[PDB]
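Shown next, in structure tokens, is the structure this report addresses.
Chains as they are written, first to last, in the authors' numbering: chain N, 102 to 352; chain L, 2 to 63; chain K, 22 to 69.
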């Protein structure tokens, strides 16, 4: 998921700008990185070429080759005079509205010929890796999801047990804890706690009555003819263990 | 084009400055080698002439 | 028009190679002249 997501980043930035870059590479095959004149590239809008070429008219008019040949989806306004002349004319053209092709990756960080070759390489390579990484993630799903969600269940069990383990009270030779059990769960807890050391001592207290009774948990326990309306009566809040069980009147 | 001919003229000016500096340094090298062949031809000739004279003085004294 | 820039860069590289060979030619003729002057001085000195 590092590899394919960054691959999709590079492929999305590549496929949208293959053909203007290859076009300016075929246009600038007489100067790749020649050390006399920078090549101001601007993939611009429709036929308003004089509005951005006014800076070139302010520059050398009988020289300083600047035009947009083809690929009318975006007019490839290339400007080429010199170093400082093209820099100042690019400043004036940006005052008229212009921007140079300075993108991330390899296209807007290297010379245009080899960068266009690298973009052709990524355009011819990347859907193969698209398909193969989908195939390998499908295999990874189909033969890893079972054991990883099984250990997820195990991890949730361990975290639940250890975070509930701090709800006790102890010093140095023993602990004590308290809990609440509904009365139709007494034989299960009794046979479960019959396992331990010398059947360590339970206190099955009948709960203290309705005075000082707000901390008591509540359940519903309705007969099974009226059972499936518990969600419909429990959209609202819950009673206070001493409030009437409201659930049979709705059936 | 105009700036085409300007850049071609700048390349010609660089070649011209290069060849003029090469001519100047080659002239200086052959000049100093000429003075070292000169003044060495002075020194060894005067030394050998003085050796010949001192040999004649010692021979007539003997 | 692209071939114009290609041929111009090619012939400018050719002119730079020619100027470099001309400078090396200056250097090697000057070395041969210095060698000839040393040989003349040594021959005249030996005969002298």
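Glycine residues also receive a C-beta, built at the ideal position from the N, C-alpha and C atoms.
- The beta carbon of residue 134 of chain N is closer than 6 Å to those of 212 in its chain, skipping five residues each way along the sequence.
- Annotated three-state conformation of residue 317 of chain N is coil, per DSSP.
- For residue 140 of chain N, the secondary structure class from DSSP, reduced to helix, strand or coil, is strand.
- The beta carbon of residue 22 of chain K sits no closer than 7 Å to any beta carbon of chain L.
- Annotation: the continuous beta strand (DSSP E) that includes residue 180 of chain N extends over 176 to 181.
- Taking a cut-off of 8 Å on C-beta distances, the region 142 to 159 of chain N does not touch the region 102 to 116 of chain N, as fewer than three cross pairs fall below it.
- Less than 7 Å separates the beta-carbon of residue 207 of chain N from that of residue 216 of chain N.
- Per DSSP, the continuous alpha helix (DSSP H) segment holding residue 151 of chain N begins and ends at 150 to 159.
- If you look at residue 204 of chain N, you'll find it isn't in any alpha helix (DSSP H); DSSP assigns it neither H nor E.
- Contact annotation, residue 179 of chain N with residue 142 of chain N: C-beta distance approximately 6 Å; criterion of less than 8 Å satisfied.
- Under the three-state reduction of DSSP, residue 274 of chain N is assigned to coil, being neither helix nor strand.
- Residue 170 of chain N and residue 128 of chain N do touch by the CB rule: their CB atoms are close to 6 Å apart, below 8 Å.
- Within chain N, no residue has its CB atom less than 7 Å from the CB of residue 40 of chain K, the nearest being about 17 Å off.
- Taking 7 Å as the CB threshold, residue 53 of chain K stays off the interface with chain L.
- Each of N:124, N:310, N:110 and N:327 was checked against the Cα of residue 204 of chain N, and the nearest Cα belongs to N:110.
- Here residue 64 of chain K is exposed: its Cβ has fewer than 16 other Cβ atoms, across all protein chains shown, within 10 Å.
- Using beta-carbon distances, residue 4 of chain L counts as an interface residue toward chain N, with a partner under 7 Å.
- The C-alpha of residue 28 of chain K lies about 17 Å from the C-alpha of residue 126 of chain N.
- The DSSP-derived three-state label of residue 128 of chain N is helix.
- Close CB contacts of residue 244 of chain N within its chain, under the 7 Å cut and outside five residues either way in sequence, are absent.
- Within chain L, 2, 3, 4, 5 and 7 have C-beta atoms less than 8 Å from the C-beta of residue 164 of chain N, given in sequence order.
- When rounded, the separation of the alpha-carbon atoms in residue 46 of chain K and residue 60 of chain K is 21 Å.
- Interface annotation, residue 179 of chain N: not in contact with chain K, CB-CB separation never under 7 Å.
- When the beta-carbon positions are compared, residue 19 of chain L and residue 39 of chain K stay at least 7 Å from each other.
- If one requires a minimum length of 3 residues, no beta strand (DSSP E) run lies completely within the region 199 to 272 of chain N.
- Residue nearest to residue 321 of chain N within the set N:313, N:332 and N:311 is N:332 (criterion: CA-CA distance).
- Across the set N:352, N:319 and N:160, the C-alpha of N:319 shows the shortest separation from the C-alpha of residue 343 of chain N.
- Listed in chain order, the non-local C-beta contacts of residue 22 of chain K below 6 Å within the same chain number zero, local neighbours out to five positions each way being set aside.
- The residues 342 and 343, in chain order, have a CB closer than 7 Å to that of residue 314 of chain N in the same chain once the five nearest residues on each side in sequence are set aside.
- Sequence-distant partners of residue 132 of chain N (beyond 5 residues in either direction) whose C-beta falls short of 8 Å from its own C-beta, in its chain, are 138, 140 and 181.
- In the three-state scheme derived from DSSP, where H, G and I count as helix and E and B as strand, residue 294 of chain N is classed as coil.
- The alpha-carbon separation between residue 307 of chain N and residue 285 of chain N amounts to approximately 14 Å.
- Annotation: the continuous alpha helix (DSSP H) that includes residue 113 of chain N extends over 104 to 116.
- Shown in chain order are the members of the region 115 to 135 of chain N whose Cβ falls below 7 Å from a Cβ of chain K: 128, 130, 131, 132 and 135.
- For residue 137 of chain N, the chain L residues whose Cβ falls inside 8 Å of its Cβ are 8, in order along the chain.
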